[PDB]
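Enquirer: Handing you a structure now.
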Amino acid sequence: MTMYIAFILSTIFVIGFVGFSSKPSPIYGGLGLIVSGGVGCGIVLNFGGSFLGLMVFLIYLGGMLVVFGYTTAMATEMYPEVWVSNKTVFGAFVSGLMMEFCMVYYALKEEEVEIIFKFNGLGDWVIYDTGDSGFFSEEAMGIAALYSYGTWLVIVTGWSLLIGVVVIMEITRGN
Amino acid sequence: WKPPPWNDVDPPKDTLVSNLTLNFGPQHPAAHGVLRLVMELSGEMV
Amino acid sequence: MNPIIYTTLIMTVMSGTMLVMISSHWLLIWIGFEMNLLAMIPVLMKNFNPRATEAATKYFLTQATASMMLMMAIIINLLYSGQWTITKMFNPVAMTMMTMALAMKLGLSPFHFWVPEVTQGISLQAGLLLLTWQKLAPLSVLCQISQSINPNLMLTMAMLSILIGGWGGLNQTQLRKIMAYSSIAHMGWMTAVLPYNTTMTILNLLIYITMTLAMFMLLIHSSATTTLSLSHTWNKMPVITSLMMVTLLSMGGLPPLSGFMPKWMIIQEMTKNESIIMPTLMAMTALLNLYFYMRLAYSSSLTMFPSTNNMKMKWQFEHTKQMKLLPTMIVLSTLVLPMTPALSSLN
Amino acid sequence: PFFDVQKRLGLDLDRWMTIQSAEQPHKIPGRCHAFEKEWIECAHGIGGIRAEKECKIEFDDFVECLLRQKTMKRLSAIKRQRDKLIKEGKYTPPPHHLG
Amino acid sequence: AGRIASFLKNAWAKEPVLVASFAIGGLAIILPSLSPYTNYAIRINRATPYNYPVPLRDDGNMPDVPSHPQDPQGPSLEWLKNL
Amino acid sequence: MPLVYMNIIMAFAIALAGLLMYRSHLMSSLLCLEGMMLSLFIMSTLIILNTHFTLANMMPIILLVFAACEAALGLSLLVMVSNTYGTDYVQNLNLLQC
Amino acid sequence: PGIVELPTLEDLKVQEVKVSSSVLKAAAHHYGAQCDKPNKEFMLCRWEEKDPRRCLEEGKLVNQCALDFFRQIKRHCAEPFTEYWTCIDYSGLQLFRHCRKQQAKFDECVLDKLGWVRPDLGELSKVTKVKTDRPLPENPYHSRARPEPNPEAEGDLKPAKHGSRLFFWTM
Amino acid sequence: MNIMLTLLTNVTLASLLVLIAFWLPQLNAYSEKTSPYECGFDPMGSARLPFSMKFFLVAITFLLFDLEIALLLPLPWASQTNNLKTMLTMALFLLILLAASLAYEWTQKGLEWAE
Amino acid sequence: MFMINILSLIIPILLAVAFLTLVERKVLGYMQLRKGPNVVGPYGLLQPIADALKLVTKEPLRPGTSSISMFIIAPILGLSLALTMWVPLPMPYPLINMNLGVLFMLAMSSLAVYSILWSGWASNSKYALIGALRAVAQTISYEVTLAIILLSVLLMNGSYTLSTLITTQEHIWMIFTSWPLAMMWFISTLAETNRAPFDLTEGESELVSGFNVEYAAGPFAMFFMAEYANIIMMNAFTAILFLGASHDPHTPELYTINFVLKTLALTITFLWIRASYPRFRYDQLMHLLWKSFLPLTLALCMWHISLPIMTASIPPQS
Amino acid sequence: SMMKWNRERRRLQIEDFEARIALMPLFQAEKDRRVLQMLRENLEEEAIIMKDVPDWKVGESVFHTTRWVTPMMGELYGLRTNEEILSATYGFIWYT
Ligand SMILES: CCCCCCCCCCCCCCCCCC(=O)OC[C@H](COP(=O)([O-])OCC[N+](C)(C)C)OC(=O)CCCCCCCCCCCCCCCCC
Ligand SMILES: CCCCCCCCCCCCCCCCCC(=O)OC[C@H](COP(=O)(O)OCCN)OC(=O)CCCCCCCCCCCCCCCCC
């Protein structure tokens with residue numbers, strides 16, 4: 001319920017990740033990944049990251065993964081390797097649905113899950129901070145500083161992107 | 001195991017491209033209903 | 001590739017490494033690593049042979065994975081400390097996390113598996129850049145964060161680097177694979193002393209730089225990639241084979257040659273740090289490098305392998321290359337032991 | 001950095017953003033501006049070795065400020081005992097709990 | 001001279017698009033420096049009070065800051081409403 | 001530390017395993033790689049938004065625009081492999097060997 | 001590690017203004033300049049004392065100083081207040097642009113009834129000097145003692161004794 | 001509360017709208033009816049082959065182009081900064097480099113993709 | 001009562017889409033001097049009902065080589081996204097007053113390409129496969145101009161809040177300030193929505209029926225409904241963006257009159273274009289976008305970023 | 001025309017902002033009283049429920065310093081209803 005709503009979105013995020021990480025068909029893996037891409041935005045939205053949340057929709061859901069479909073349409077291994085095609089992918093998918101189900105139950109009971117880090121299984125809502133942001137959206141003012149203080153990053157990010165296009169055509173030119 | 005070729009140009013394998021024989025028509029509206037135009041295409045290039 | 005395009009691609013690769021060494025912010029450190037990666041692949045693609053494509057693909061997959069794995073070390077350190085400054089970080093798991101992340105870029109532990117194969121596929125000039133310049137950037141981070149490292153974890157990674165790097169070198173015919181295995185072995189020597197005193201980690205770097213420039217550009221001048229192909233070079237230009245055997249002996253570390261200076265100082269440092277078993281074992285494995293070093297020296301100039309009648313044309317013509325900085329390279333790479341106390345300049 | 005060019009020529013490239021108590025857009029604060037400012041001024045001109053132990057108090061307080069581990073554990077133990085008690089019907093929440 | 005005018009006109013004969021975009025982008029960068037309103041733009045941008053102007057401790061001898069948000073002392077923006 | 005942070009951290013770790021545990025389609029490998037950064041992009045937003053590190057709202061885009069750049073390289077290498085070999089298999093991508 | 005000292009609920013039972021948001025917004029301009037002195041005193045305390053519990057006495061004063069601002073207008077033309085704040089309430093964003101006539105009618109009284117004046121643009125955003133009697137806090141952050149910096153280098157540089165002193169190298 | 005509720009309503013509306021478009025028409029498909037349609041003639045076995053480079057080349061250029069435009073979404077709030085001159089210079093830089101990437105891509109064939 | 005309002009929004013649009021087939025059929029016929037549907041009911045008013053319930057009663061044949069789960073998910077995404085396109089619209093008072101509605105508008109519109117890619121792959125036929133691949137290729141080329149146009153257009157608005165567009169155009173239509181962009185935005189909307197000359201995605205004459213080459217009966221209407229729903233929404237989006245209307249708070253009735261009347265005019269000129277121009281070609285389709293559209297959009301964006309600074313006319317972010 | 005209209009809007013915005021500046025005093029005082037009063041209710045509730053705990057002395061300062069820390073939302077609304085939690089944490093965030 002809405003008590004632990006962000007508990008939910010985080011959960012489909014994990015199962016969405018287990019989807020493509022289980023190495024299913026690249027389109028199906030794309031389907032599982034974009035599902036995780038879709039649900040992950042809600043996690044950021046719940047924290048007030050509307051601008052950041054909307055971007056991953058734009059340049060990662062409607063961005064990177066669209067051209068991924070081209071290579072899948074270009075690869076086209078002679079038979080679909082959808083989940084029914086192989087049995088290891090089922091085992092990979094089935095497995096990846098266990099331990100995260102195990103530790104949430106581990107975290108829901110006593111909350112003292114010590115996997116690598118100590119972790120609290122308390123409700124997602126707690127770690128939020130109380131305080132008005134006035135009229136300036138904190139997310140917006142942070143990003144807009146791109147052109148105020150992020151001068152140095154802008155040059156390096158731009159220069160690499162320019163070098164990004166010079167390499168891509170050069171490697172793909174095939175001599 | 002075979003020592004690598006001296007020029008480092010390992011020998012290209014068989015052709016990995018095709019000309020995609022397409023059976024245009026006859027049901028195709030552009031085929032005037034009765035055209036069996038079949039062509040060879042390297043992508044859009046024919 | 002157009003020379004102007006080639007010059008720019010090298011220019012960004014140099015700047016990307018330069019960016020890493022000059023950034024006080026963890027994000028910018030990552031920026032340098034990725035944009036250095038972003039321009040490394042096309043240089044390996046200059047020849048554009050199927051072997052190169054296999055080499056470049058292997059190189060990109062391991063480097064991209066290591067760089068992406070590097071982000072969590074930054075993120076986890078961020079999460080537990082909220083500090084983007086590149087300093088002594090505040091999480092053992094994050095400290096552990098990046099140490100293998102950077103190690104994969106250098107290729108010391110089993111991570112090193114990409115180092116030989118990528119060098120084999122790609123051209124001699126590209127291998128020279130990959131094994132010399134592309135090792136400054138990962139080392140730069142380790143020098144800055146040396147105070148936070150777990151001593152046990154890093155010393156191990158250094159150990160298998162010299163251990164495996166030297167051990168497999170006995171079974172390499174292609175000179176490119178020999179050089180990479182030598183590189184992995186030399187990687188361990190600098191990395192071992194890294195937690196103790198970073199001054200001679202650098203000293204090992206420039207010195208190890210000198211032979212690898214010396215050896216590779218000698219090999220390029222020879223235009224030979226295999227042991228047998230190298231052997232025939234005695235007939236054409238016996239003098240070059242003579243200098244190469246000096247560097248081969250020097251890079252092996254026999255005194256009073258230059259290559260002994262790093263190892264000697266390395267043993268001295270950890271001996272001051274009460275670690276005395278650790279230096280001894282690396283010295284024992286140092287002879288492993290010397291063996292196939294001798295084998296190449298035996299094939300190159302110490303003996304005189306048979307030649308081919310077609311070598312007679314090579315006598316008539318001459319080399320058109322300019323081998324820039326080769327004269328001063330080998331001299332600085334074979335007799336600099338008397339100038340050892342100059343290492344305090346690095347400090 | 002390895003080569004602190006920024007310090008030599010004095011052009012700020014990245015350090016404007018390395019910590020959250022520096023200048024911020026519209027002068028709005030971070031979550032732990034008060035704590036990290038205290039830790040920073042504690043550990044200035046001291047050295048990493050000495051500042052690890054001498055300014056320990058300012059650190060774990062600042063770490064607790066942004067992690068909020070023990071505070072969350074405090075609330076968890078408060079909540080855990082609550083449901084371990086009210087379910088037994090030993091104490092009833094007052095109206096202001098329920099509005 | 002003769003080549004420049006011919007080349008520009010000749011280019012405008014085949015392609016009218018990029019010459020139009022080049023002209024627009026050419027304008028888009030110079031007059032920002034030449035405009036007299038950019039200083040006005042940053043002045044009104046600074047004039048917007050997003051945050052509270054926290055009061056300053058009055059200990060005497062700062063006449064510039066007013067003691068009331070009606071006194072003539074302090075910054076004034078009578079240009080703004082006219083601008 | 002909040003339960004959600006496990007979910008992204010474990011998401012990365014299982015994404016990391018899929019990147020390393022291969023199969024026969026490095027196309028699928030690239031999916032784990034870009035999913036790998038998506039968790040990195042996602043998680044980075046949580047801390048930065050939570051701690052109000054306003055100027056640090058920078059890097060989620062910066063990390064995005066650079067992780068996206070590797071897609072350009074990675075996918076370009078994909079078609080290069082799928083031209084000298086035709087397919088995107090990984091077992092056949094062993095011509096180096098010696 | 002101590003007590004989070006919290007004030008008792010007794011001092012928190014202060015009179016609170018009971019008016020909808022549009023009521024505040026409609027008279028906000030005619031409220032800020034005319035109750036500035038206690039408002040500045042309280043908010044100076046908030047930024048100087050840096051602790052909520054220190055400014056409790058001033059916290060009820062501004063609330064009190066709001067009420068005697070919200071009482072004479074009842075003994076004066078409360079009727080122009082009604083439709084003015086009603087019209088402002090109709091706006092989704094409480095925009096003054098749509099409802100200016102009622103603003104003029106509201107402004108017309110207070111120019112003569114209580115003799116107030118509409119503050120001009122930028123006047124409310126002016127930084128003002130507030131005159132208080134409370135002492136400035138010594139360590140608002142409650143800072144502890146500071147670690148003593150390690151002693152600095154001093155004395156003229158002398159040549160290194162017996163050269164590099166590294167193994168057999170004499171110089 | 002309402003946002004995913006709005007998302008929820010549309011998806012059910014779509015799913016039922018296809019559900020009563022699937023079970024209602026009393027599916028009566030045969031083998032030849034379900035056979036692929038290829039201009040009325042026999043399919044020779046296909047749709048599993050690579051397509052050169054032009055479709056891939058434009059996709060990567062679009063992806064790279066989409067990433068730079070991603071860098072310049074925050075411009076509407078960027079104009080509200082205190083230091084416009086730095087912002088004006090910096091935003092102009094992204095656009096001219098966006099131009100330069102297009103400029104190179106145009107000059108070295110590029111957008112005239114392979115055939 | 002939030003729920004009844006939702007059905008009060010999605011139900012009328014679906015009925016609007018059905019009637020859009022009739023009016024387009026008649027108007028397109030009238031250009032061709034024909035009459036269009038006038039036998040089925042008075043002036044063909046029941047033709048949308050006749051077409052709708054005839055196709056529903058036609059079996060939804062699934063192709064032999066189809067992934068049924070893959071075949072079905074694509075219409076669900078396509079139709080739901082099209083209906084979701086209207087939830088942030090500033091219709092009197094916007095339903096979902098998302099402060100970043102324009103980004104939400106663009107992200108959902110860009111997510112529509114997954115239906116195109118998935119439908120082509122699930123159909124599993126060469127004709128459908130290359131039909132879809134070029135379809136998305138046409139699709140993915142143009143929204144970069146969409147984003148650039150919006151960034152330049154919204155720059156003088158103040159933010160990405162769609163409701164703020166009303167107050168920006170309170171005096172004059174926003175087309176007058178950016179009419180070079182207005183035609184720039186308009187043409188790109190046809191390419192996104194895949195109408196002639198940008199109909200090579202479907203290409204009735206030469207690509208049979210594009211990605212709908214096989215897609216039949218039951219779920220075919222979903223792409224058809226989603227396609228035509230986008231036509232109104234894109235024209236509605238253009239209507240608010242450039243052809244703004246005055247909005248009295250005490251009478252939202254009036255601005256609805258202006259917004260509605262404009263958006264049929266914008267839809268009417270859509271099929272007006274269809275009934276006049278030849279169909280484009282794949283290479284010209286890319287060449288026109290990348291050679292004569294992208295450079296112009298860049299310069300105009302450069303013109304519109306610096307314009308508020310050189311005139312001290314930056315808009316408030318609120 | 002637009003530059004005049006945009007210039008007018010900026011005057012409107014600063015006028016709107018100025019109203020908020022005047023409204024901060026009453027708002028800050030009201031939120032100041034509300035937040036620490038509601039904390040006291042939590043502390044009062046702590047000392048009816050932690051009496052039987054073997055080691056729990058009320059009012060523990062988790063932070064070692066004596067400086068006031070803004071109360072984390074967990075200890076603020078943690079002992080309230082589900083409506084109070086939902087309407088406070090994501091109440092602004094949802095608000096379609
Ligand atoms: C101080 C002033 C500042 C601003 C000054 C700006 C410059 C002056 C104004 C220039 C014109 C406006 C900007 C450019 C517009 C054209 C862009 C372009 O590429 O044009 C050539 C392009 C391409 O023409 P082309 O392909 O023949 O030639 C281009 C050049 N070569 C050959 C080198 C490639 O024209 C088209 O694309 C034709 C239209 C295609 C779409 C088909 C449908 C058209 C429907 C038209 C009727 C409906 C219009 C609706 C308008 C909106 C209503 C809301
Ligand atoms: C630390 C231990 C030692 C380490 C180094 C050991 C190196 C050698 C080890 C063995 C190497 C393998 C076996 C021998 C290989 C020989 C290679 C070769 O090319 O030999 C043949 C070649 C023929 O000679 P050529 O090249 O024609 O040049 C003649 C001089 N013009 O010969 C040559 O090319 C050699 C040319 C040598 C030229 C020498 C010039 C000397 C000049 C001295 C100047 C002194 C000035 C003094 C001033 C005093 C006052 C200040």
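Chain labels run A, B, ... following the order of the structure tokens; each chain numbers its residues from 1, and ligands are numbered from 1 in the order shown.
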Near chain B, meaning an atom within 12 Å, which residues of chain I appear when counting only C-alpha atoms? Write them as JSON, numbers by chain.
Expert: {"I": [125, 126, 127, 130, 131, 133, 134, 203, 204, 205, 206, 207, 208, 209, 210, 213, 281, 282, 283]}
Enquirer: Filtering to N, CA, C and O atoms, could you give me those residues as a PDB file, in the first residue's frame?
Expert:
```
ATOM      1  N   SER I 125       7.791 -10.660 -40.752  1.00  0.00           N
ATOM      2  CA  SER I 125       7.770 -10.746 -42.204  1.00  0.00           C
ATOM      3  C   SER I 125       8.717  -9.681 -42.731  1.00  0.00           C
ATOM      4  O   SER I 125       8.817  -8.601 -42.144  1.00  0.00           O
ATOM      5  N   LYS I 126       9.414  -9.988 -43.830  1.00  0.00           N
ATOM      6  CA  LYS I 126      10.387  -9.034 -44.351  1.00  0.00           C
ATOM      7  C   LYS I 126       9.724  -7.703 -44.670  1.00  0.00           C
ATOM      8  O   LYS I 126      10.249  -6.642 -44.320  1.00  0.00           O
ATOM      9  N   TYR I 127       8.555  -7.744 -45.310  1.00  0.00           N
ATOM     10  CA  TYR I 127       7.853  -6.514 -45.658  1.00  0.00           C
ATOM     11  C   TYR I 127       7.519  -5.703 -44.412  1.00  0.00           C
ATOM     12  O   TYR I 127       7.715  -4.483 -44.380  1.00  0.00           O
ATOM     13  N   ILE I 130      11.162  -4.395 -42.624  1.00  0.00           N
ATOM     14  CA  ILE I 130      11.795  -3.192 -43.157  1.00  0.00           C
ATOM     15  C   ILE I 130      10.816  -2.028 -43.142  1.00  0.00           C
ATOM     16  O   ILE I 130      11.221  -0.859 -43.111  1.00  0.00           O
ATOM     17  N   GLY I 131       9.517  -2.324 -43.168  1.00  0.00           N
ATOM     18  CA  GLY I 131       8.533  -1.269 -43.004  1.00  0.00           C
ATOM     19  C   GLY I 131       8.625  -0.623 -41.637  1.00  0.00           C
ATOM     20  O   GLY I 131       8.538   0.599 -41.505  1.00  0.00           O
ATOM     21  N   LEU I 133      11.367  -0.836 -39.561  1.00  0.00           N
ATOM     22  CA  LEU I 133      12.704  -0.291 -39.336  1.00  0.00           C
ATOM     23  C   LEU I 133      12.836   1.108 -39.919  1.00  0.00           C
ATOM     24  O   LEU I 133      13.368   2.015 -39.271  1.00  0.00           O
ATOM     25  N   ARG I 134      12.361   1.305 -41.148  1.00  0.00           N
ATOM     26  CA  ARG I 134      12.346   2.652 -41.701  1.00  0.00           C
ATOM     27  C   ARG I 134      11.336   3.533 -40.984  1.00  0.00           C
ATOM     28  O   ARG I 134      11.542   4.746 -40.874  1.00  0.00           O
ATOM     29  N   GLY I 203       2.959   3.949 -46.304  1.00  0.00           N
ATOM     30  CA  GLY I 203       3.065   3.853 -47.745  1.00  0.00           C
ATOM     31  C   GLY I 203       2.024   2.949 -48.366  1.00  0.00           C
ATOM     32  O   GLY I 203       2.357   1.868 -48.857  1.00  0.00           O
ATOM     33  N   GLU I 204       0.758   3.373 -48.329  1.00  0.00           N
ATOM     34  CA  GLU I 204      -0.330   2.532 -48.823  1.00  0.00           C
ATOM     35  C   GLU I 204      -0.055   2.025 -50.232  1.00  0.00           C
ATOM     36  O   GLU I 204      -0.311   0.855 -50.542  1.00  0.00           O
ATOM     37  N   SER I 205       0.472   2.889 -51.097  1.00  0.00           N
ATOM     38  CA  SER I 205       0.706   2.495 -52.481  1.00  0.00           C
ATOM     39  C   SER I 205       1.903   1.559 -52.605  1.00  0.00           C
ATOM     40  O   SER I 205       1.835   0.544 -53.309  1.00  0.00           O
ATOM     41  N   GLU I 206       3.012   1.877 -51.931  1.00  0.00           N
ATOM     42  CA  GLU I 206       4.265   1.177 -52.177  1.00  0.00           C
ATOM     43  C   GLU I 206       4.754   0.318 -51.016  1.00  0.00           C
ATOM     44  O   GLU I 206       5.584  -0.568 -51.243  1.00  0.00           O
ATOM     45  N   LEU I 207       4.278   0.547 -49.792  1.00  0.00           N
ATOM     46  CA  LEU I 207       4.512  -0.376 -48.684  1.00  0.00           C
ATOM     47  C   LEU I 207       3.220  -1.032 -48.209  1.00  0.00           C
ATOM     48  O   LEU I 207       3.078  -1.350 -47.027  1.00  0.00           O
ATOM     49  N   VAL I 208       2.277  -1.243 -49.129  1.00  0.00           N
ATOM     50  CA  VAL I 208       1.032  -1.947 -48.842  1.00  0.00           C
ATOM     51  C   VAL I 208       0.309  -1.259 -47.693  1.00  0.00           C
ATOM     52  O   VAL I 208      -0.562  -0.412 -47.913  1.00  0.00           O
ATOM     53  N   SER I 209       0.646  -1.635 -46.458  1.00  0.00           N
ATOM     54  CA  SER I 209       0.076  -0.967 -45.296  1.00  0.00           C
ATOM     55  C   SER I 209       1.100  -0.805 -44.177  1.00  0.00           C
ATOM     56  O   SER I 209       0.735  -0.788 -42.998  1.00  0.00           O
ATOM     57  N   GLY I 210       2.380  -0.681 -44.526  1.00  0.00           N
ATOM     58  CA  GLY I 210       3.423  -0.440 -43.545  1.00  0.00           C
ATOM     59  C   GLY I 210       3.512  -1.490 -42.460  1.00  0.00           C
ATOM     60  O   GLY I 210       3.613  -2.685 -42.751  1.00  0.00           O
ATOM     61  N   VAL I 213       0.585  -3.820 -42.389  1.00  0.00           N
ATOM     62  CA  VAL I 213       0.473  -4.630 -43.598  1.00  0.00           C
ATOM     63  C   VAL I 213      -0.250  -5.931 -43.298  1.00  0.00           C
ATOM     64  O   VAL I 213      -1.013  -6.436 -44.131  1.00  0.00           O
ATOM     65  N   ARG I 281      10.248  10.359 -49.923  1.00  0.00           N
ATOM     66  CA  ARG I 281      11.062   9.162 -50.050  1.00  0.00           C
ATOM     67  C   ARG I 281      12.017   9.075 -48.870  1.00  0.00           C
ATOM     68  O   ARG I 281      12.414  10.093 -48.299  1.00  0.00           O
ATOM     69  N   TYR I 282      12.388   7.838 -48.528  1.00  0.00           N
ATOM     70  CA  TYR I 282      13.203   7.570 -47.348  1.00  0.00           C
ATOM     71  C   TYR I 282      14.453   8.445 -47.312  1.00  0.00           C
ATOM     72  O   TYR I 282      14.770   9.053 -46.283  1.00  0.00           O
ATOM     73  N   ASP I 283      15.183   8.517 -48.426  1.00  0.00           N
ATOM     74  CA  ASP I 283      16.416   9.299 -48.434  1.00  0.00           C
ATOM     75  C   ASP I 283      16.130  10.791 -48.316  1.00  0.00           C
ATOM     76  O   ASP I 283      16.764  11.484 -47.512  1.00  0.00           O
TER      77      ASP I 283
END
```
Enquirer: Within 10 Å of residue 172 of chain C, counting only C-alpha atoms, which residues qualify if same-chain residues fewer than 2 places away don't, as a ChimeraX atom specification?
Expert: /C:168-170,174-179,181,226-227,292 /F:98
Enquirer: Can you work out which residues from chain C touch chain B at a cut-off of 8 Å (counting only C-alpha atoms) and hand them back as a PyMOL selection string?
Expert: chain C and resi 49-51+121
Enquirer: Dump the neighbourhood of ligand 2 as JSON, numbers by chain: all residues within 9 Å, distances computed on only C-alpha atoms and all ligand atoms.
Expert: {"C": [234, 235, 237, 238, 239, 240, 241, 242, 243, 244, 245, 246, 247, 249, 250, 255, 256, 257, 297, 300, 301, 302, 303, 334, 335]}
Enquirer: Would you write out those residues with C-alpha atoms, as a PDB file, in the first residue's frame?
Expert:
```pdb
ATOM      1  CA  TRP C 234      70.738  -9.316 -37.661  1.00  0.00           C
ATOM      2  CA  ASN C 235      71.490  -9.580 -41.384  1.00  0.00           C
ATOM      3  CA  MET C 237      70.935  -4.093 -39.411  1.00  0.00           C
ATOM      4  CA  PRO C 238      73.115  -5.913 -36.865  1.00  0.00           C
ATOM      5  CA  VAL C 239      73.583  -2.727 -34.836  1.00  0.00           C
ATOM      6  CA  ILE C 240      69.902  -2.437 -33.879  1.00  0.00           C
ATOM      7  CA  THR C 241      69.898  -6.009 -32.575  1.00  0.00           C
ATOM      8  CA  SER C 242      72.910  -4.997 -30.475  1.00  0.00           C
ATOM      9  CA  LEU C 243      71.085  -2.142 -28.737  1.00  0.00           C
ATOM     10  CA  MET C 244      67.990  -4.303 -28.274  1.00  0.00           C
ATOM     11  CA  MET C 245      70.022  -6.904 -26.394  1.00  0.00           C
ATOM     12  CA  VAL C 246      71.353  -4.114 -24.159  1.00  0.00           C
ATOM     13  CA  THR C 247      67.791  -3.028 -23.395  1.00  0.00           C
ATOM     14  CA  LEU C 249      69.419  -7.159 -20.486  1.00  0.00           C
ATOM     15  CA  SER C 250      68.602  -3.787 -18.922  1.00  0.00           C
ATOM     16  CA  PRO C 255      73.320  -4.366 -12.842  1.00  0.00           C
ATOM     17  CA  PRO C 256      74.697  -1.834 -13.582  1.00  0.00           C
ATOM     18  CA  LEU C 257      72.024  -1.401 -16.239  1.00  0.00           C
ATOM     19  CA  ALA C 297      68.517 -12.033 -26.891  1.00  0.00           C
ATOM     20  CA  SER C 300      68.352 -11.665 -31.870  1.00  0.00           C
ATOM     21  CA  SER C 301      72.052 -10.869 -31.648  1.00  0.00           C
ATOM     22  CA  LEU C 302      73.966 -13.197 -29.312  1.00  0.00           C
ATOM     23  CA  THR C 303      73.648 -15.937 -31.921  1.00  0.00           C
ATOM     24  CA  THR C 334      70.344   1.507 -20.014  1.00  0.00           C
ATOM     25  CA  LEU C 335      72.914   3.574 -18.061  1.00  0.00           C
TER      26      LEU C 335
END
```
Enquirer: Neighbouring residues of ligand 1 are defined here as those with any atom at most 7 Å from a ligand atom, counting only C-alpha atoms and all ligand atoms; list them as a ChimeraX atom specification.
Expert: /E:14-17,20,24 /I:179-184,186-187,197,273,287-288,291-293,296
Enquirer: With C-alpha atoms retained, write the just-selected residues as an mmCIF file, in the first residue's frame.
Expert:
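Wrote it out as out-v4.cif, contents follow:
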```
data_model
loop_
_atom_site.group_PDB
_atom_site.id
_atom_site.type_symbol
_atom_site.label_atom_id
_atom_site.label_comp_id
_atom_site.auth_asym_id
_atom_site.auth_seq_id
_atom_site.Cartn_x
_atom_site.Cartn_y
_atom_site.Cartn_z
ATOM 1 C CA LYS E 14 21.991 26.617 -54.690
ATOM 2 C CA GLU E 15 21.441 26.496 -50.916
ATOM 3 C CA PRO E 16 19.343 29.178 -49.228
ATOM 4 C CA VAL E 17 19.041 27.166 -46.022
ATOM 5 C CA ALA E 20 20.111 31.594 -43.638
ATOM 6 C CA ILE E 24 20.992 33.758 -37.913
ATOM 7 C CA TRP I 179 6.765 31.822 -37.033
ATOM 8 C CA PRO I 180 9.957 30.343 -38.582
ATOM 9 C CA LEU I 181 9.751 27.805 -35.767
ATOM 10 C CA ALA I 182 5.974 27.492 -36.137
ATOM 11 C CA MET I 183 6.329 26.020 -39.613
ATOM 12 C CA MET I 184 9.383 24.182 -38.285
ATOM 13 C CA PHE I 186 4.309 22.009 -37.751
ATOM 14 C CA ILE I 187 6.154 19.994 -40.404
ATOM 15 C CA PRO I 197 4.429 13.208 -47.490
ATOM 16 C CA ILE I 273 -1.878 18.666 -46.828
ATOM 17 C CA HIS I 287 18.053 14.414 -46.083
ATOM 18 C CA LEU I 288 15.332 17.026 -45.582
ATOM 19 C CA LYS I 291 20.388 18.804 -44.062
ATOM 20 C CA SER I 292 17.836 21.642 -44.203
ATOM 21 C CA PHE I 293 15.921 21.253 -40.916
ATOM 22 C CA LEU I 296 17.871 25.919 -39.314
#
```
Enquirer: Residues at most 10 Å from residue 37 of chain E, counting only C-alpha atoms, excluding those fewer than 5 positions away in the same chain, as a list in words?
Expert: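 Neighbouring residues, sequence-local ones excluded: residues 32, 42, 43 and 83 of chain E; 308, 309, 310, 311, 312 and 313 of chain I.
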Enquirer: May I have the selected residues written with C-alpha atoms, as a PDB file, in the first residue's frame?
Expert:
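Saved result, out_28.pdb, follows:
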```pdb
ATOM      1  CA  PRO E  32      24.488  39.748 -27.257  1.00  0.00           C
ATOM      2  CA  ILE E  42      21.113  40.708 -15.260  1.00  0.00           C
ATOM      3  CA  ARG E  43      19.952  43.648 -13.136  1.00  0.00           C
ATOM      4  CA  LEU E  83      12.021  49.324 -17.822  1.00  0.00           C
TER       5      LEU E  83
ATOM      6  CA  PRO I 308      15.701  37.521 -24.068  1.00  0.00           C
ATOM      7  CA  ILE I 309      19.174  38.561 -22.894  1.00  0.00           C
ATOM      8  CA  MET I 310      19.746  41.092 -25.671  1.00  0.00           C
ATOM      9  CA  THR I 311      16.278  42.532 -24.965  1.00  0.00           C
ATOM     10  CA  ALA I 312      16.149  42.082 -21.160  1.00  0.00           C
ATOM     11  CA  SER I 313      12.964  40.093 -21.752  1.00  0.00           C
TER      12      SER I 313
END
```
